[PDB]
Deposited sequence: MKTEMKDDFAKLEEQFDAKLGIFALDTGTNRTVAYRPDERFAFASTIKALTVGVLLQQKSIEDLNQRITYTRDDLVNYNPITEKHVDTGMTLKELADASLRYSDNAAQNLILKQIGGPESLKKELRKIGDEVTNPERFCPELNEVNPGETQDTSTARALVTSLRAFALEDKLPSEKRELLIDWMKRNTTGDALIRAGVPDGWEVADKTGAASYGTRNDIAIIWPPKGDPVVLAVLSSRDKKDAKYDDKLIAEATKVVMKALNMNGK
């Protein structure tokens, strides 16, 4: 759409867009197969894999960690080095706060980046490219994915048959109660419409959000809005994501 082109113009950015209405199979797409750094959006898919690997009771396993496991942003993990945290608590911290140390701890428990990639290939994701911890130039392929691949993989875990219903419920609930995305996809969606999302931010002004959006009534939409900019130290604007989401909803409604 020229509306997506206008936003790229307005915000001096590159936009990556894929949306799928699961009720009608109607699609919206702008650079849907273009690679962007996935940043923290990978945390959603990581918990997907963790849930697939553990019974719900297994999530109560206590993980002990050290101050050495702490990285750049540890909002929940910094508060519990002495007592440790359960896998369930770590998943909550990772998804709802984008706790980087929590993600690293979980990634360690599922066998590292190489193991995550293998499990993603197993669900049919041949594009998402986990390679390093955390993670996080143009245009290398690590650690990247596309808008299309991200909605496909998110839909697989949360809405389809890569997880049983009770584990599906956990993933969806954590993402519904995310604290980090109020100004992104949530801001571009109509009032009283449930949103489950996971945000991302990274170098080259990379600003991402992936989401499942429920109507009042009807089948959910799943959406990826990815973005990046020219310079390594470029700053992002959340409004780009919110506005892109409005454009997507208009083209679907």
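**Student:** How would you write out the unmodelled ranges of the deposited sequence, numbered from 1?
**Tutor:** According to the record, the gaps fall at 1-5, 142-145, 263-266.
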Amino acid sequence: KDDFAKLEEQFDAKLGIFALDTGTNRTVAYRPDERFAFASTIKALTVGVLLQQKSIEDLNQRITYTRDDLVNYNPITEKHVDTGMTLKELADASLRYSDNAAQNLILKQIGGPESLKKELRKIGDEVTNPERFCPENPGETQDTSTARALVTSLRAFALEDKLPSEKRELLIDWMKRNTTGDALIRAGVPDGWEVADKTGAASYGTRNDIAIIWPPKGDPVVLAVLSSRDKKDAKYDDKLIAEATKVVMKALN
From here on, numbers count along this sequence of modelled residues.
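**Student:** Of 165-173 and 82-90, which one has the bigger average CA B-factor?
**Tutor:** Result of the comparison: 82-90.
**Student:** Quick one: higher average CA temperature factor, 125-133 or 148-156?
**Tutor:** Per the PDB entry, the higher value belongs to 125-133.
**Student:** Per the PDB entry, which option out of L95, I76, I110, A183 has the greatest Cα B factor?
**Tutor:** Each of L95, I76, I110, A183 was compared by C-alpha B-factor; the highest is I110.
**Student:** I'd like to know which of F38, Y30, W214, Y65 has the highest C-alpha temperature factor in the PDB entry.
**Tutor:** Among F38, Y30, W214, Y65, the PDB entry lists the largest C-alpha B-factor for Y65.
**Student:** Test of reading the entry: by CA B factor among the chain's modelled residues, which third contains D69?
**Tutor:** Its C-alpha B-factor, which the entry lists for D69, ranks in the highest third among residues of this chain.
**Student:** In terms of the chain's CA B-factor thirds, is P190 lowest, middle or highest?
**Tutor:** For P190, whose C-alpha B-factor we compare with every modelled residue in the chain, the answer is the highest third.
**Student:** Compared with the other modelled residues in the chain, in which third is the CA B-factor of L240?
**Tutor:** Lowest third.
**Student:** Taking the values exactly as deposited, rank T179 by C-alpha B-factor within its chain and report the matching third: lowest, middle or highest.
**Tutor:** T179: CA B-factor falls in the lowest third of its chain.
**Student:** Relative to the other modelled residues of the same chain, rank the CA B-factor of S115 and answer lowest, middle or highest third.
**Tutor:** Within its chain, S115 is a highest-third residue by C-alpha B-factor, going by the deposited values.
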